[PDB]
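Student: The following file, structure.pdb, comprises PDB, N, CA, C and O atoms:
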ATOM      1  N   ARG A   1      36.634  25.247 -27.387
ATOM      2  CA  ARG A   1      36.136  25.462 -28.754
ATOM      3  C   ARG A   1      37.265  25.724 -29.730
ATOM      4  O   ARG A   1      38.292  26.275 -29.366
ATOM      5  N   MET A   2      37.064  25.314 -30.966
ATOM      6  CA  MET A   2      37.993  25.591 -32.040
ATOM      7  C   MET A   2      37.449  26.709 -32.846
ATOM      8  O   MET A   2      36.443  26.569 -33.525
ATOM      9  N   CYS A   3      38.049  27.825 -32.691
ATOM     10  CA  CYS A   3      37.671  28.993 -33.415
ATOM     11  C   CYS A   3      38.342  29.009 -34.751
ATOM     12  O   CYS A   3      39.574  29.085 -34.829
ATOM     13  N   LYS A   4      37.549  28.905 -35.788
ATOM     14  CA  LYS A   4      38.052  28.958 -37.119
ATOM     15  C   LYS A   4      37.942  30.405 -37.595
ATOM     16  O   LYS A   4      36.853  30.931 -37.781
ATOM     17  N   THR A   5      39.063  31.027 -37.735
ATOM     18  CA  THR A   5      39.183  32.413 -38.093
ATOM     19  C   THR A   5      39.746  32.545 -39.517
ATOM     20  O   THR A   5      40.689  31.872 -39.854
ATOM     21  N   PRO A   6      39.139  33.363 -40.381
ATOM     22  CA  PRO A   6      39.642  33.560 -41.736
ATOM     23  C   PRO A   6      41.004  34.252 -41.750
ATOM     24  O   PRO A   6      41.170  35.307 -41.159
ATOM     25  N   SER A   7      41.956  33.620 -42.416
ATOM     26  CA  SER A   7      43.321  34.137 -42.543
ATOM     27  C   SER A   7      43.342  35.506 -43.219
ATOM     28  O   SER A   7      42.608  35.734 -44.235
ATOM     29  N   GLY A   8      44.159  36.386 -42.703
ATOM     30  CA  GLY A   8      44.239  37.710 -43.213
ATOM     31  C   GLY A   8      45.339  37.899 -44.237
ATOM     32  O   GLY A   8      45.140  38.597 -45.262
ATOM     33  N   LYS A   9      46.492  37.264 -44.060
ATOM     34  CA  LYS A   9      47.550  37.550 -44.953
ATOM     35  C   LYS A   9      47.748  36.496 -45.959
ATOM     36  O   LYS A   9      48.535  36.654 -46.882
ATOM     37  N   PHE A  10      46.974  35.452 -45.829
ATOM     38  CA  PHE A  10      47.027  34.348 -46.740
ATOM     39  C   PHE A  10      46.451  34.730 -48.054
ATOM     40  O   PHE A  10      45.275  35.121 -48.153
ATOM     41  N   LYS A  11      47.267  34.601 -49.039
ATOM     42  CA  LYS A  11      46.927  34.917 -50.388
ATOM     43  C   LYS A  11      47.394  33.763 -51.253
ATOM     44  O   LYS A  11      48.588  33.597 -51.458
ATOM     45  N   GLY A  12      46.480  32.933 -51.679
ATOM     46  CA  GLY A  12      46.851  31.829 -52.510
ATOM     47  C   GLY A  12      45.982  30.628 -52.261
ATOM     48  O   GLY A  12      44.915  30.738 -51.649
ATOM     49  N   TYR A  13      46.447  29.487 -52.696
ATOM     50  CA  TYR A  13      45.704  28.260 -52.580
ATOM     51  C   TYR A  13      46.070  27.459 -51.359
ATOM     52  O   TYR A  13      47.197  27.003 -51.209
ATOM     53  N   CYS A  14      45.107  27.265 -50.495
ATOM     54  CA  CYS A  14      45.309  26.455 -49.318
ATOM     55  C   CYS A  14      45.039  24.988 -49.675
ATOM     56  O   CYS A  14      43.966  24.446 -49.401
ATOM     57  N   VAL A  15      45.926  24.404 -50.422
ATOM     58  CA  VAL A  15      45.819  22.996 -50.726
ATOM     59  C   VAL A  15      46.262  22.144 -49.532
ATOM     60  O   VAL A  15      45.553  21.219 -49.125
ATOM     61  N   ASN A  16      47.377  22.514 -48.935
ATOM     62  CA  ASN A  16      47.931  21.805 -47.797
ATOM     63  C   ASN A  16      47.627  22.627 -46.552
ATOM     64  O   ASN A  16      47.618  23.851 -46.604
ATOM     65  N   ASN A  17      47.371  21.976 -45.454
ATOM     66  CA  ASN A  17      47.056  22.679 -44.218
ATOM     67  C   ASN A  17      48.295  23.326 -43.626
ATOM     68  O   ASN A  17      48.207  24.328 -42.955
ATOM     69  N   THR A  18      49.438  22.751 -43.914
ATOM     70  CA  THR A  18      50.735  23.203 -43.405
ATOM     71  C   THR A  18      51.068  24.676 -43.833
ATOM     72  O   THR A  18      51.604  25.445 -43.039
ATOM     73  N   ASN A  19      50.722  25.075 -45.067
ATOM     74  CA  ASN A  19      50.962  26.452 -45.510
ATOM     75  C   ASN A  19      50.067  27.397 -44.770
ATOM     76  O   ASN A  19      50.511  28.445 -44.301
ATOM     77  N   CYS A  20      48.817  26.989 -44.619
ATOM     78  CA  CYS A  20      47.815  27.756 -43.893
ATOM     79  C   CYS A  20      48.301  27.937 -42.516
ATOM     80  O   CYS A  20      48.311  29.032 -41.968
ATOM     81  N   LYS A  21      48.761  26.823 -41.996
ATOM     82  CA  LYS A  21      49.218  26.684 -40.687
ATOM     83  C   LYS A  21      50.264  27.731 -40.423
ATOM     84  O   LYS A  21      50.112  28.526 -39.545
ATOM     85  N   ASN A  22      51.285  27.755 -41.270
ATOM     86  CA  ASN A  22      52.418  28.664 -41.116
ATOM     87  C   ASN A  22      51.998  30.107 -41.204
ATOM     88  O   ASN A  22      52.472  30.947 -40.430
ATOM     89  N   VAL A  23      51.096  30.404 -42.115
ATOM     90  CA  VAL A  23      50.605  31.762 -42.274
ATOM     91  C   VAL A  23      49.787  32.177 -41.049
ATOM     92  O   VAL A  23      49.934  33.292 -40.545
ATOM     93  N   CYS A  24      48.988  31.285 -40.555
ATOM     94  CA  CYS A  24      48.232  31.522 -39.350
ATOM     95  C   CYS A  24      49.161  31.628 -38.141
ATOM     96  O   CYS A  24      48.995  32.495 -37.300
ATOM     97  N   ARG A  25      50.181  30.790 -38.104
ATOM     98  CA  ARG A  25      51.171  30.802 -37.028
ATOM     99  C   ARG A  25      51.947  32.115 -37.018
ATOM    100  O   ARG A  25      52.358  32.587 -35.980
ATOM    101  N   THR A  26      52.111  32.707 -38.192
ATOM    102  CA  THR A  26      52.753  34.001 -38.297
ATOM    103  C   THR A  26      51.789  35.167 -38.010
ATOM    104  O   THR A  26      52.206  36.223 -37.579
ATOM    105  N   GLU A  27      50.522  34.982 -38.350
ATOM    106  CA  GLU A  27      49.464  35.964 -37.994
ATOM    107  C   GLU A  27      49.238  36.034 -36.478
ATOM    108  O   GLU A  27      48.964  37.098 -35.939
ATOM    109  N   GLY A  28      49.367  34.907 -35.812
ATOM    110  CA  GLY A  28      49.225  34.881 -34.368
ATOM    111  C   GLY A  28      48.277  33.799 -33.920
ATOM    112  O   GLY A  28      47.500  33.976 -32.983
ATOM    113  N   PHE A  29      48.327  32.685 -34.596
ATOM    114  CA  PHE A  29      47.466  31.577 -34.310
ATOM    115  C   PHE A  29      48.295  30.342 -34.092
ATOM    116  O   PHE A  29      49.343  30.188 -34.705
ATOM    117  N   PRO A  30      47.844  29.444 -33.217
ATOM    118  CA  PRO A  30      48.542  28.187 -32.953
ATOM    119  C   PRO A  30      48.621  27.289 -34.196
ATOM    120  O   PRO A  30      49.597  26.547 -34.392
ATOM    121  N   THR A  31      47.610  27.359 -35.046
ATOM    122  CA  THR A  31      47.561  26.512 -36.185
ATOM    123  C   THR A  31      46.614  27.098 -37.232
ATOM    124  O   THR A  31      45.893  28.062 -36.964
ATOM    125  N   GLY A  32      46.627  26.510 -38.393
ATOM    126  CA  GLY A  32      45.823  26.925 -39.478
ATOM    127  C   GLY A  32      45.501  25.720 -40.276
ATOM    128  O   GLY A  32      46.253  24.721 -40.209
ATOM    129  N   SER A  33      44.423  25.762 -40.966
ATOM    130  CA  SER A  33      43.921  24.657 -41.731
ATOM    131  C   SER A  33      42.997  25.165 -42.859
ATOM    132  O   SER A  33      42.468  26.269 -42.790
ATOM    133  N   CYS A  34      42.816  24.365 -43.868
ATOM    134  CA  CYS A  34      42.121  24.779 -45.057
ATOM    135  C   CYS A  34      40.643  24.464 -44.976
ATOM    136  O   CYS A  34      40.229  23.494 -44.336
ATOM    137  N   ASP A  35      39.874  25.277 -45.638
ATOM    138  CA  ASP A  35      38.440  25.190 -45.668
ATOM    139  C   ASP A  35      37.967  25.513 -47.076
ATOM    140  O   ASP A  35      38.715  26.137 -47.867
ATOM    141  N   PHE A  36      36.780  25.099 -47.409
ATOM    142  CA  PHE A  36      36.235  25.333 -48.701
ATOM    143  C   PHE A  36      34.924  26.039 -48.502
ATOM    144  O   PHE A  36      33.947  25.448 -48.064
ATOM    145  N   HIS A  37      34.919  27.299 -48.788
ATOM    146  CA  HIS A  37      33.706  28.074 -48.690
ATOM    147  C   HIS A  37      33.658  29.030 -49.873
ATOM    148  O   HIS A  37      32.811  29.915 -49.956
ATOM    149  N   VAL A  38      34.605  28.843 -50.757
ATOM    150  CA  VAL A  38      34.822  29.687 -51.911
ATOM    151  C   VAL A  38      35.363  28.830 -52.995
ATOM    152  O   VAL A  38      35.862  27.762 -52.698
ATOM    153  N   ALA A  39      35.274  29.290 -54.229
ATOM    154  CA  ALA A  39      35.786  28.556 -55.363
ATOM    155  C   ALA A  39      37.302  28.540 -55.319
ATOM    156  O   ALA A  39      37.972  29.417 -55.848
ATOM    157  N   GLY A  40      37.792  27.607 -54.578
ATOM    158  CA  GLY A  40      39.168  27.427 -54.372
ATOM    159  C   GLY A  40      39.380  26.876 -52.994
ATOM    160  O   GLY A  40      38.571  26.085 -52.507
ATOM    161  N   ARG A  41      40.444  27.268 -52.360
ATOM    162  CA  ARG A  41      40.756  26.805 -51.042
ATOM    163  C   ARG A  41      41.042  27.990 -50.147
ATOM    164  O   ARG A  41      41.945  28.777 -50.443
ATOM    165  N   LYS A  42      40.345  28.098 -49.046
ATOM    166  CA  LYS A  42      40.539  29.205 -48.167
ATOM    167  C   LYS A  42      41.176  28.745 -46.875
ATOM    168  O   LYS A  42      40.749  27.795 -46.270
ATOM    169  N   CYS A  43      42.230  29.402 -46.522
ATOM    170  CA  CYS A  43      42.949  29.135 -45.303
ATOM    171  C   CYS A  43      42.215  29.742 -44.109
ATOM    172  O   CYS A  43      41.700  30.883 -44.190
ATOM    173  N   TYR A  44      42.114  28.994 -43.052
ATOM    174  CA  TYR A  44      41.547  29.448 -41.823
ATOM    175  C   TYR A  44      42.453  29.117 -40.692
ATOM    176  O   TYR A  44      43.114  28.099 -40.686
ATOM    177  N   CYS A  45      42.453  29.945 -39.752
ATOM    178  CA  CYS A  45      43.286  29.815 -38.633
ATOM    179  C   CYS A  45      42.490  29.282 -37.480
ATOM    180  O   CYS A  45      41.348  29.682 -37.272
ATOM    181  N   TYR A  46      43.067  28.379 -36.751
ATOM    182  CA  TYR A  46      42.395  27.768 -35.649
ATOM    183  C   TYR A  46      43.016  28.176 -34.364
ATOM    184  O   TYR A  46      44.239  28.221 -34.240
ATOM    185  N   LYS A  47      42.181  28.493 -33.423
ATOM    186  CA  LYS A  47      42.623  28.901 -32.122
ATOM    187  C   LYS A  47      41.632  28.439 -31.071
ATOM    188  O   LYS A  47      40.412  28.413 -31.324
ATOM    189  N   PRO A  48      42.125  28.023 -29.912
ATOM    190  CA  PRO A  48      41.283  27.570 -28.828
ATOM    191  C   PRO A  48      40.556  28.722 -28.143
ATOM    192  O   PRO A  48      41.156  29.675 -27.648
ATOM    193  N   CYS A  49      39.287  28.651 -28.217
ATOM    194  CA  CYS A  49      38.401  29.513 -27.503
ATOM    195  C   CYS A  49      37.732  28.625 -26.477
ATOM    196  O   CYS A  49      37.860  27.405 -26.603
ATOM    197  N   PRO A  50      37.085  29.156 -25.439
ATOM    198  CA  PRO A  50      36.368  28.321 -24.468
ATOM    199  C   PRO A  50      35.202  27.606 -25.147
ATOM    200  O   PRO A  50      35.322  26.396 -25.477
TER     201      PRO A  50
END
Mind converting the file's structure to structure tokens?

Tutor:
Amino acid sequence: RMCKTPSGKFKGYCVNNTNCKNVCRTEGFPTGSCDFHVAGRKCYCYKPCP
């Protein structure tokens, strides 16, 4: 499973997945990617769950 987890330290616009990615990679996630669930762009971190 791909666990999409809301980024904690990400503050800003997740236009590119790569920024999300890096922030998630620094939070403790293999990768990060952007999502739209708010008026703007929200970074989410992806991690393999079963």

Student: Need the shell around residue 42 of chain A: protein/DNA/RNA residues with any atom at most 8 Å away, counting all atoms listed in the file. Skip same-chain ones fewer than 2 positions apart. Format as a PyMOL selection string?

Tutor: chain A and resi 5-7+10+12-16+20+32-40+44-45

Student: Closest to residue 18 of chain A among A:31, A:2, A:41, A:50, using all atoms listed in the file?

Tutor: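 Checking each candidate against residue 18 of chain A, we get A:31 as the closest.
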
Student: As a list in words, which residues of chain A does DSSP assign to strand (DSSP E)?

Tutor: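 Those in chain A that DSSP calls strand (DSSP E) are residues 2, 3, 4, 5, 6, 31, 32, 33, 34, 35, 42, 43, 44, 45, 46, 47 and 48 of chain A.
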
Student: In terms of the shortest atom-to-atom distance over only C-alpha atoms, which of A:11, A:48, A:17, A:43 is closest to residue 30 of chain A?

Tutor: A:48

Student: In Å, rounded to a single decimal, give me how far atom CA of residue 49 of chain A is from atom N of residue 23 of chain A.

Tutor: 19.4 Å

Student: Hey, can you check how far atom N of residue 26 of chain A sits from atom O of residue 9 of chain A?

Tutor: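 Taking atom N of residue 26 of chain A as the start and atom O of residue 9 of chain A as the end point, the length is 10.2 Å.
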
Student: Just to confirm, what's the straight-line distance from atom N of residue 1 of chain A to atom CA of residue 22 of chain A in Å (one decimal)?

Tutor: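 Separation between atom N of residue 1 of chain A and atom CA of residue 22 of chain A: 21.2 Å.
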
Student: Show me, as lines of an AutoDock Vina configuration file, the centre and edge lengths in Å to one decimal of the axis-aligned box that covers every listed atom of segment 13-16 of chain A with 3 Å on each side.

Tutor:
center_x = 45.9
center_y = 25.4
center_z = -49.6
size_x = 10.0
size_y = 14.3
size_z = 12.1

Student: Run DSSP on the backbone and grab whatever in chain A lands in alpha helix (DSSP H); send it over as a CSV table (one decimal) with N, CA, C and O atoms, keeping the file's coordinate frame.

Tutor:
chain,number,residue,atom,x,y,z
A,17,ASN,N,47.4,22.0,-45.5
A,17,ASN,CA,47.1,22.7,-44.2
A,17,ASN,C,48.3,23.3,-43.6
A,17,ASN,O,48.2,24.3,-43.0
A,18,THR,N,49.4,22.8,-43.9
A,18,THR,CA,50.7,23.2,-43.4
A,18,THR,C,51.1,24.7,-43.8
A,18,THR,O,51.6,25.4,-43.0
A,19,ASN,N,50.7,25.1,-45.1
A,19,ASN,CA,51.0,26.5,-45.5
A,19,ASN,C,50.1,27.4,-44.8
A,19,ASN,O,50.5,28.4,-44.3
A,20,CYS,N,48.8,27.0,-44.6
A,20,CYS,CA,47.8,27.8,-43.9
A,20,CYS,C,48.3,27.9,-42.5
A,20,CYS,O,48.3,29.0,-42.0
A,21,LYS,N,48.8,26.8,-42.0
A,21,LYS,CA,49.2,26.7,-40.7
A,21,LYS,C,50.3,27.7,-40.4
A,21,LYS,O,50.1,28.5,-39.5
A,22,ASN,N,51.3,27.8,-41.3
A,22,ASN,CA,52.4,28.7,-41.1
A,22,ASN,C,52.0,30.1,-41.2
A,22,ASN,O,52.5,30.9,-40.4
A,23,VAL,N,51.1,30.4,-42.1
A,23,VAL,CA,50.6,31.8,-42.3
A,23,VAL,C,49.8,32.2,-41.0
A,23,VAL,O,49.9,33.3,-40.5
A,24,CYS,N,49.0,31.3,-40.6
A,24,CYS,CA,48.2,31.5,-39.4
A,24,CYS,C,49.2,31.6,-38.1
A,24,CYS,O,49.0,32.5,-37.3
A,25,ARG,N,50.2,30.8,-38.1
A,25,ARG,CA,51.2,30.8,-37.0
A,25,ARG,C,51.9,32.1,-37.0
A,25,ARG,O,52.4,32.6,-36.0
A,26,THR,N,52.1,32.7,-38.2
A,26,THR,CA,52.8,34.0,-38.3
A,26,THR,C,51.8,35.2,-38.0
A,26,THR,O,52.2,36.2,-37.6
A,27,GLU,N,50.5,35.0,-38.4
A,27,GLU,CA,49.5,36.0,-38.0
A,27,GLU,C,49.2,36.0,-36.5
A,27,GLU,O,49.0,37.1,-35.9
